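S.K.: See coords.csv below, with CSV, C-alpha atoms (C1' of nucleotides).
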chain,number,residue,atom,x,y,z
A,779,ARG,CA,-27.4,93.3,28.9
A,780,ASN,CA,-26.8,90.1,30.8
A,781,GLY,CA,-24.3,92.0,33.0
A,782,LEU,CA,-25.8,95.5,32.8
A,783,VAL,CA,-29.4,96.3,33.9
A,784,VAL,CA,-30.0,99.9,35.1
A,785,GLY,CA,-27.8,103.0,35.0
A,786,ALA,CA,-27.1,104.1,38.7
A,787,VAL,CA,-24.7,107.0,39.3
A,788,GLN,CA,-22.8,109.7,37.2
A,789,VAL,CA,-19.7,111.5,38.7
A,790,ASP,CA,-17.4,114.0,37.0
A,791,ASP,CA,-13.7,113.1,37.5
A,792,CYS,CA,-10.2,114.1,36.3
A,793,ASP,CA,-7.4,111.8,35.0
A,794,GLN,CA,-5.8,111.1,38.5
A,795,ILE,CA,-8.8,111.0,40.9
A,796,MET,CA,-10.4,107.8,42.4
A,797,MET,CA,-14.0,106.6,42.2
A,798,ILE,CA,-15.2,104.8,45.4
A,799,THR,CA,-18.3,102.6,44.8
A,800,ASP,CA,-20.7,100.7,47.2
A,801,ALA,CA,-22.9,97.6,46.9
A,802,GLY,CA,-26.3,97.0,48.7
A,803,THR,CA,-24.9,94.0,50.6
A,804,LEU,CA,-22.2,95.8,52.7
A,805,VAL,CA,-19.5,95.9,50.0
A,806,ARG,CA,-17.4,98.8,48.6
A,807,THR,CA,-14.0,99.5,46.9
A,808,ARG,CA,-11.7,102.4,45.9
A,809,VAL,CA,-10.4,102.3,42.3
A,810,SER,CA,-7.8,104.6,40.5
A,811,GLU,CA,-9.4,106.1,37.4
A,812,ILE,CA,-6.3,106.1,35.2
A,813,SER,CA,-6.9,102.6,33.8
A,814,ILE,CA,-10.2,103.5,31.9
A,815,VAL,CA,-10.4,105.5,28.7
A,816,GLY,CA,-13.3,107.8,27.7
A,817,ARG,CA,-15.8,106.6,25.0
A,818,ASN,CA,-18.5,108.2,23.0
A,819,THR,CA,-21.8,107.6,25.0
A,820,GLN,CA,-22.4,104.0,23.5
A,821,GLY,CA,-20.5,101.2,25.0
A,822,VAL,CA,-19.8,98.9,28.0
A,823,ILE,CA,-16.3,98.6,29.4
A,824,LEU,CA,-14.4,97.4,32.6
A,825,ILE,CA,-16.5,95.7,35.4
A,826,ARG,CA,-15.1,97.4,38.6
A,827,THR,CA,-17.1,95.5,41.3
B,1,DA,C1',-52.7,88.5,141.7
B,2,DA,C1',-48.6,87.3,137.9
B,3,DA,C1',-45.8,89.1,133.8
B,4,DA,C1',-44.2,92.9,130.8
B,5,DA,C1',-42.9,97.6,129.5
B,6,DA,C1',-42.2,103.0,130.4
B,7,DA,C1',-40.3,106.6,132.9
B,8,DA,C1',-37.1,109.0,136.1
B,9,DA,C1',-33.0,109.8,138.8
B,10,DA,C1',-26.8,110.9,137.3
B,11,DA,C1',-22.2,110.3,135.1
B,12,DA,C1',-20.7,108.5,130.3
B,13,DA,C1',-20.6,107.6,124.6
B,14,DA,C1',-22.1,110.0,120.1
B,15,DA,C1',-24.7,113.3,117.0
B,16,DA,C1',-28.3,117.3,114.6
B,17,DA,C1',-30.6,122.3,113.1
B,18,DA,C1',-32.8,127.5,112.3
B,19,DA,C1',-31.5,132.6,111.3
B,20,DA,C1',-28.2,137.5,109.9
B,21,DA,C1',-24.9,140.0,107.0
B,22,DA,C1',-22.8,140.9,101.1
B,23,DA,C1',-21.4,139.2,96.4
B,24,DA,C1',-21.1,135.9,93.1
B,25,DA,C1',-22.9,132.0,90.5
B,26,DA,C1',-26.5,128.8,88.8
B,27,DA,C1',-31.7,127.3,87.9
B,28,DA,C1',-36.1,128.4,86.5
B,29,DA,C1',-39.7,130.9,85.1
B,30,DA,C1',-41.6,134.9,82.5
B,31,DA,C1',-42.2,139.1,78.1
B,32,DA,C1',-40.9,139.8,73.7
B,33,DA,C1',-38.2,139.9,69.0
B,34,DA,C1',-38.0,136.9,65.3
B,35,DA,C1',-38.9,133.7,61.9
B,36,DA,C1',-42.0,129.1,60.0
B,37,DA,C1',-46.5,128.2,58.8
B,38,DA,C1',-51.1,128.9,57.1
B,39,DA,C1',-55.4,131.5,54.8
B,40,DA,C1',-56.9,134.3,51.2
B,41,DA,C1',-56.3,138.0,47.0
B,42,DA,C1',-54.1,138.9,42.0
B,43,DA,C1',-51.1,137.6,39.0
B,44,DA,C1',-47.6,135.2,34.9
B,45,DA,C1',-44.2,130.9,33.3
B,46,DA,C1',-45.4,126.3,31.5
B,47,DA,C1',-48.0,122.9,29.0
B,48,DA,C1',-50.5,122.6,25.3
B,49,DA,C1',-50.7,122.7,20.5
B,50,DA,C1',-49.2,122.6,15.7
B,51,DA,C1',-46.1,122.7,11.8
B,52,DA,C1',-41.6,122.0,10.5
B,53,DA,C1',-37.1,119.9,10.7
B,54,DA,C1',-32.3,117.3,10.7
B,55,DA,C1',-28.8,114.2,14.4
B,56,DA,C1',-27.9,109.7,16.0
B,57,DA,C1',-29.2,104.5,16.0
B,58,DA,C1',-28.8,100.8,12.0
B,59,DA,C1',-25.8,98.5,9.0
B,60,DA,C1',-21.0,96.7,6.6
B,61,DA,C1',-16.5,95.2,8.8
B,62,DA,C1',-11.5,95.5,10.6
B,63,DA,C1',-8.8,95.3,15.0
B,64,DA,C1',-7.4,96.3,19.4
B,65,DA,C1',-8.4,96.3,24.3
B,66,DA,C1',-10.2,92.7,26.5
B,67,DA,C1',-12.1,88.6,30.4
B,68,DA,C1',-11.1,83.6,30.9
B,69,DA,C1',-7.2,80.3,31.8
B,70,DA,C1',-2.9,79.2,34.2
B,71,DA,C1',0.2,80.1,38.0
B,72,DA,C1',2.4,82.0,42.3
B,73,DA,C1',1.8,84.0,46.4
B,74,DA,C1',-0.4,87.5,50.3
B,75,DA,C1',-3.3,87.6,53.7
B,76,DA,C1',-9.0,90.2,54.3
B,77,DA,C1',-12.9,88.1,56.3
B,78,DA,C1',-15.8,84.5,59.0
B,79,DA,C1',-17.1,81.8,62.9
B,80,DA,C1',-16.0,80.7,67.7
B,81,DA,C1',-14.7,82.2,72.5
B,82,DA,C1',-15.1,86.2,75.8
B,83,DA,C1',-16.3,90.9,77.6
B,84,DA,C1',-19.3,95.6,77.8
B,85,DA,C1',-23.5,99.0,76.4
B,86,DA,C1',-28.0,99.9,76.3
B,87,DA,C1',-33.1,99.0,76.3
B,88,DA,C1',-38.4,96.5,77.8
B,89,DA,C1',-40.5,93.7,81.7
B,90,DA,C1',-42.1,93.7,85.9
B,91,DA,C1',-42.7,95.3,90.5
B,92,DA,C1',-42.8,99.1,93.9
B,93,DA,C1',-44.2,103.7,95.8
B,94,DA,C1',-45.9,108.9,97.9
B,95,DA,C1',-49.4,111.9,97.5
B,96,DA,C1',-54.2,111.7,97.8
B,97,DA,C1',-59.4,110.9,98.0
B,98,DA,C1',-62.2,108.4,101.5
B,99,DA,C1',-63.6,107.3,106.2
B,100,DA,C1',-63.8,107.7,111.4
B,101,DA,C1',-62.8,110.0,116.3
B,102,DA,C1',-62.0,114.1,119.2
B,103,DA,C1',-62.3,119.7,120.3
B,104,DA,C1',-65.2,124.1,120.4
B,105,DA,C1',-69.7,126.5,120.4
B,106,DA,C1',-74.3,126.1,121.7
B,107,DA,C1',-78.1,127.5,124.4
B,108,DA,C1',-82.6,124.8,128.3
B,109,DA,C1',-82.9,124.9,132.7
B,110,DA,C1',-81.5,124.7,137.7
B,111,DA,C1',-78.2,124.9,142.2
B,112,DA,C1',-75.9,127.8,144.6
B,113,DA,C1',-74.9,132.3,145.6
B,114,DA,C1',-75.3,137.6,146.2
B,115,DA,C1',-78.0,141.4,147.1
B,116,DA,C1',-81.9,144.1,148.8
B,117,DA,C1',-87.3,145.1,150.4
B,118,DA,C1',-90.6,145.6,154.2
Go ahead and express the file in the form of structure tokens.

M.R.:
Amino acid sequence: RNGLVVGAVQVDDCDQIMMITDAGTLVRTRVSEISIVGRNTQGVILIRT
DNA sequence: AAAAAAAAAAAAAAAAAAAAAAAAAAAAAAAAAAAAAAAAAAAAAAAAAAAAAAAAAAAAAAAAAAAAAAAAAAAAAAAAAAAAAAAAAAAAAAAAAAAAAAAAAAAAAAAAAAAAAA
């Protein structure tokens, strides 16, 4: 897509754990995973960084 | 023959070092277990190969979570001042091969001496 290019990382997570992500240019963040709903292997949703 | 420096007399100031003996620790150098790594054998799971198949991307289309707009408000990060940590550049150095000067052994031959023959 215009926004999405290449799949990067896959992490298994429960419904109350956080996902910390990093960017190549000295940027990161810590997000709560409650606010995103599972979907069936075909879709694009929420931009977190 | 003039200048300069060493050394020695005797009361003063002030320092430095080598070993013995026992018992414990701390460096520092070795054999020797012990496991990576590598060479050279047989051996055996994976790709190949082929036929056969059915599970998920297309396609229609609603709708429901969404990313831009608007607003208010909090305050992370960036650049400018200073103040420390830590590493190349350059120069210096102590043993260390090279050279030169003095001590001990060497015999050739003779002065002086000691000793004895007729």

S.K.: What's the 12 Å shell around residue 779 (chain A), counting all atoms listed in the file, without same-chain residues fewer than 6 positions away, as a VMD selection string?

M.R.: chain A and resid 785 821 to 822

S.K.: Determine the nearest neighbour of chain B from the options A:792, A:782, A:815, A:798, counting all atoms listed in the file.

M.R.: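 Closest residue, counting all atoms listed in the file: A:815.
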
S.K.: So how many Å separate CA of residue 826 (chain A) and CA of residue 809 (chain A), to one decimal?

M.R.: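 Between CA of residue 826 (chain A) and CA of residue 809 (chain A) the gap is 7.7 Å.
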
S.K.: May I have a table of the residues of chain B lying at most 10 Å from chain A, giving each one's closest pair of atoms and their distance in Å to one decimal, counting all atoms listed in the file, ordered by chain and ascending residue number, as CSV?

M.R.:
residue,atom,partner,partner_atom,distance
B:65,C1',A:823,CA,9.7
B:66,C1',A:824,CA,8.8
B:67,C1',A:824,CA,9.4
